[PDB]
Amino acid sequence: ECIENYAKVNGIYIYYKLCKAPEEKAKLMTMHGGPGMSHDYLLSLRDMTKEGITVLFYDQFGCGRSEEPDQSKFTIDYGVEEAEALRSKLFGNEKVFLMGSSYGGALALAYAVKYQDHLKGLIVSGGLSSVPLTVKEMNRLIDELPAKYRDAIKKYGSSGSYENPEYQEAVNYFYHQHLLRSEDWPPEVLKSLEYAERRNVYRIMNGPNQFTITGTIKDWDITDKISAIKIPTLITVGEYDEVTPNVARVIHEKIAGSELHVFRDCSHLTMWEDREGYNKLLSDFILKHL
């Protein structure tokens, strides 16, 4: 499986991968993170199709295989309309489950705030409703880092030497501590990371790296709006997640009846560290709200 095509959304060509499930019981749309990465690192969710869950993957504007629109359209709100236009173009009036990871999570929340009427359930993994809070929390993680790496981030970071050999070394430690904690990073993840460093979305919207959000979404925060979401919601976050469970908590407190699951020994990309347990939890939640 997985039909791969080029859907023309909002005037531009958007790449998507739809993996159908035999006796389909539901359609799950997924939102990769970054901003500026690609669907690739989310391919582990493809296992849910064996659970009767069709999964829709797709590269957001300017990401991966999709073309980049005008820079003025590098916004969360624009991504929201893109998602809705794509869901409509491919599924029409059918309601679907929406899953978002990291930035994709934040994008999913903003989507739900406006288009929750097109959803059956919402799933956020390592997502966030507030970038500022995410920054504040990540800084703490930096302070808990060993002296060298902590100073490297501050010195080189404040000067902008992200290319420095020491700074990089610090970034690596942090990553293997809050991004992905397991050995042998799967090719799907590497490709998404490579996709980020190549396109322009990550550098313009996000910033230098994972813990450095100096881009255009630096002030984004819809913590006050996500409380309007009245659909079944599943929130997951790794124990050592770069987007700490503290950020997940805020989201959890606003969405009435939402479930918060903190994966132990996992971090950001929990779908790879605990693939079986992750996919099982997501499929269980989905099938519970058919």
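One-based numbering along the sequence shown.
Averaged over CA atoms, B-factors in the entry run higher in 190-198 than in the other of 79-87 and 190-198. Higher mean CA temperature factor, per the PDB entry, when comparing 19-27 with 275-283: 19-27. Annotation for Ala147: CA B-factor lies in the highest third of the chain's modelled residues. In this PDB entry, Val131 carries a Cα temperature factor that places it within the middle third of its chain's modelled residues. Compared with the other modelled residues of the chain, the Cα B-factor recorded for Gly92 ranks in the middle third.
When the CA B factors of the chain's modelled residues are split into thirds, the value for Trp220 lands in the middle one.
In this PDB entry, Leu179 carries a Cα temperature factor that places it within the middle third of its chain's modelled residues.
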